[PDB]
Every structure is written in C-alpha cells, then in structure tokens.
Amino acid sequence: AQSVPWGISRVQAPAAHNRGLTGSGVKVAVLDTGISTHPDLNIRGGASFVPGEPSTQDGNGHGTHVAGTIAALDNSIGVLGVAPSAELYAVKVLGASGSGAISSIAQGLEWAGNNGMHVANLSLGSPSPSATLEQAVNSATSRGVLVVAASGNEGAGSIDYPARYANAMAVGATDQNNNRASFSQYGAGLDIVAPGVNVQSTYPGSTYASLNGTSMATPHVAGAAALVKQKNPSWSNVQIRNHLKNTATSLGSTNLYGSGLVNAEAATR
Ligand SMILES: [Ca+2]
Ligand SMILES: [Ca+2]
C-alpha cells in the first residue's frame, strides 16, 4: 500500500498529478550524500565528487530521503514524491559523514549546468559565504539550472549560504499548523517555505524514515518547480522561481516566510 506523507498533501501535489503533471521530462539533480537504490525510486544517473566514495550510493541516508520527497514513484508501495515522474540524478557532494568540501559542491553544480539539469536541490548550507560556491551558483544559473537551497536549522534571523545568494531560491520549513518550525532560519533572502517537520520519505535499506529540517522543506519546492516546468516547457529558471513565489499561500511576515507556503495546485493552474 502507498501512503501520502502529510507534506505532499500540504503542498497540494496530488491536485497537480490529477491534471497530468508529474514532472515528466524534467531533470532534477540532488546534490547531497548520494541516492541509494530503492524500490520506490528511479535513479537515472549522476556522479560523485567525493574522493574515497566513487559510487553515488548513499552512505548517510539524507540524499535518499531528499530524493524521495521530490520523486518517490507513484505506484502500490512506499510513499509518493511531489514530482513522481521527474528524472532523478544522484550528485554526491557530501560524504557518508554528511559533510563535504566546498569544492565538491561547486563541482556538483558545474556538473548540473554541463548536463542540462533543470533543477538542482541543495539541502545543505553554511553560515559563511564562499567565493567559489557563489561563482558555481551563478554559472549553473546562467546554464538554465534553478538552484533550490535550504535556509539552515539554527533558528536565527539570517539564512545560510548558498541560500542567501540572489541566484539561489531559499527555502524555510513550516510545521503542521502552518507556522515556521522553530529551527528554520529566516530573514533577508528567504523566498518561500514548505513542510519540514516529521517528513516521511525513502531511506537506505529499502525502508522509510521521518526527518526534520529545512533539508526536508527544500525538496518540496524542487518538486513543485518540476511540475511547473512540465506545464510550461518554455519557461526559464527565473520565470519558474517567480511563479512559485507569486502563487504561494501567504502565512504572515515575509521576514519569516518569504512569499509563503509553496502551492503546487495554484502554480499549475
Ligand atoms: Ca510509491
Ligand atoms: Ca535567496
């Protein structure tokens, strides 16, 4: 039996799926700890920029979880992604430990822009700026990639890099009450929010686990971007990003929530 995680329902993905929008033909790169082979995922390709982990398989669990929020297959098992038909690429930029070097992250973005990815999911971030990272974000953006990044989990009124950068779409986390999750970073540069508490998704060992974080929020938005891209094949990264913000549900202060809660039903109308 397949279940629909609360976050998926919250952003109204099923509403879009019922119009025939599933992210078909949209390439989405997950820059994380890898993506493990799993019955509820369809992994098309990828690369590893982590020396010592040549494989794209996930030794952490984070990348697998993020991947399932975007594209867990619509079938009779497991869960359901926001864009269950999206073409998923495992881009390993973090090791099993869940940490990585900036250069691996920049190489992953370069890779995304060189392989014609439409969306890059970066559920990672640092409080410090990086010239190398910035340049990578900007290069992937002028290559047509929509870069989506987590705002950070420190609960402070400033957001992490790369989410803070103008060309990155910064995502914060909401709870079941449509309030900002206590850990969700907010402030200047925040674009939008999505569910980030108790998020059930795919996990290594062919199972399912529930996590919390802005890392869980991010994929909801990467998935919503694929739905819009499928509907509007001619739109650029920028047009998609503005549309998502334009159709978000206002939740209160823009300092805390940016545009509001992503809404895939409204964005695919
Ligand atoms: Ca499934
Ligand atoms: Ca931003």
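Residues numbered from 1 in each chain as written, not as in the entry; some residues may be left out. Chains lettered and ligands numbered in written order. Heavy atoms only, no water.

- For this deposition, the record names X-ray crystallography as the technique by which the model was determined and cites 1.6 Å as its resolution.

- The PDB entry lists the chain under the name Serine protease, with Bacillus lentus given as the organism.
- Database annotation for the chain, UniProt heading Subcellular location: "Secreted". (UniProt positions renumbered as here; feature names shortened; annotations may be inferred.)

**Observations concerning the overall build of the chain**
Next up, step 1: Regarding its fold elements, the chain presents nine helices and nine strands.
Next up, step 2: The contacts of the chain with a sequence gap of at least 6 include a subset with a gap of at least 24, amounting to 72%.
Next up, step 3: Between the mean site of the 13 positive side-chain charges and the mean site of the 13 negative ones, the chain shows a separation of 10 Å. (Helix = DSSP H or I, 4+ residues; strand = E, 2+ residues; numbered from the N terminus. Contact = heavy atoms within 4.5 Å. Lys, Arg positive; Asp, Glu negative; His and termini not counted. Charge placed at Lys NZ, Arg CZ, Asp CG, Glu CD.)

**Thoughts on the UniProt feature "active site" in the chain**
Next up, step 1: Look at the UniProt record and you will see "active site" annotated at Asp32, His62 and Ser215. For this annotated set, covering 184 residues, all C-alpha atoms fall within 10.0 Å of each other, a compact arrangement in space. As for the annotated residues, the ones lining the largest pocket are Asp32, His62 and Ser215.
Next up, step 2: Since its relative accessible area comes to 35%, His62 is described here as partly exposed.
Next up, step 3: Leave out the neighbours within four places in its chain, and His62 touches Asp32, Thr33, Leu211 and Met216.
Next up, step 4: Considering the arrangement of structural elements, one finds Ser215 in helix α6 (residues 214-231). (1 Å grid on protein atoms, 1.4 Å probe; cavity = no way out; pocket = protein on both sides within 12 Å on 5 of 7 lines; lining within 4 Å. Buried < 20%, exposed > 50% of the residue type's maximum accessible area, 1.4 Å probe, protein only.)

**As for the coordination of the calcium ion (ligand 1)**
Next up, step 1: Donor atoms from the polypeptide that bind the calcium ion (ligand 1) are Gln2 (OE1), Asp40 (OD), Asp40 (OD), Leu73 (O), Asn75 (OD1), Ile77 (O) and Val79 (O), placed at 2.3 to 2.5 Å.
Next up, step 2: For the calcium ion (ligand 1), all donor residues lie on one chain, and their spacing in sequence is Q-x37-D-x32-L-x1-N-x1-I-x1-V. Here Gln2 is found in the segment before α1 (6-10), whereas its partner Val79 is found in the loop between α3 (62-71) and β3 (87-92), with 77 residues between them in sequence.
Next up, step 3: For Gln2, a relative accessible area of 24% translates into the label partly exposed.
Next up, step 4: Using a relative accessible area of 2% as the deciding quantity, one classes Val79 as buried. (Donors = N, O, S within 2.8 Å, 3.2 Å for Na, K, Ca; no water.)

**Here we look at the packing of aromatic side chains**
Next up, step 1: Taken as a whole, this structure holds two aromatic pairs when the rule is applied.
Next up, step 2: Ring centres of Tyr89 and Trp111 lie 6.4 Å apart, and the angle between their planes is 50°; on these two criteria the pair is classed as tilted. Taken together, the positions of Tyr89 in strand β3 and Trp111 in helix α4 (residues 102-114) put the pair 22 residues apart, joining distant regions of the chain. Of the two residues, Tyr89 and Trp111, both sit in the buried class.
Next up, step 3: Relative to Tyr165, the ring of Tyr161 has its centre 5.0 Å away and its plane inclined at 55°; by these criteria the two rings are tilted. In terms of burial, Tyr161 and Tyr165 fall into one category: buried. (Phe/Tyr/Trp six-rings, centres within 6.5 Å; stacked < 30°, edge-to-face > 60°.)

**Digging into α6**
Next up, step 1: With 18 residues, α6 ought to run about 26 Å at 1.5 Å a step, and its terminal C-alpha atoms sit 27 Å apart, in line with that.
Next up, step 2: Of all the 18 residues making up α6, 16 are buried; the element is thus mostly covered by neighbouring parts of the structure. (Expected span 1.5 Å × (residues − 1).)

**Let's talk about the pattern of salt bridges**
Note on pairing: side chains with opposite charge can pair once their charged atoms come close.
Next up, step 1: Counting across every chain of the model gives five salt bridges.
Next up, step 2: In this structure, the salt-bridge partner of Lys92 is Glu53, at a minimum N-O distance of 2.6 Å. Of this pair, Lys92 sits in strand β3 while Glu53 sits in the loop between β2 (43-48) and α3, and the two are 39 residues apart along the sequence. The same class applies to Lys92 and to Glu53, which are both buried.
Next up, step 3: When the shortest N-O distance is used, the salt bridge between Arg269 and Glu265 registers 2.6 Å.
Next up, step 4: Where salt bridges share partners, they join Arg19, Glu265 and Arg269 into one cluster. (Salt bridge = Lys/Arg side-chain N within 4 Å of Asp/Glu carboxyl O.)

**Observations regarding the packing of α4 against helix α5 (residues 131-142)**
Next up, step 1: With their axes 9 Å apart at the nearest point, α4 and α5 run at an angle of 10° to one another. As judged from the angle between their axes, α4 and α5 are roughly parallel. On the side of α4, the interface is formed by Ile102, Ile105, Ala106, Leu109 and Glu110, while α5 contributes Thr132, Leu133, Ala136, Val137, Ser139 and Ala140.
Next up, step 2: Considering only residue class, the contact of α4 with α5 consists of eight nonpolar, two polar and one charged. (Axes fitted to C-alpha atoms, helices over the stretch in contact; angles between N-to-C directions. Parallel < 35°, antiparallel > 145°, perpendicular 65-115°, else oblique. Nonpolar A, V, L, I, M, F, W, Y, C, P; charged D, E, K, R; others polar.)

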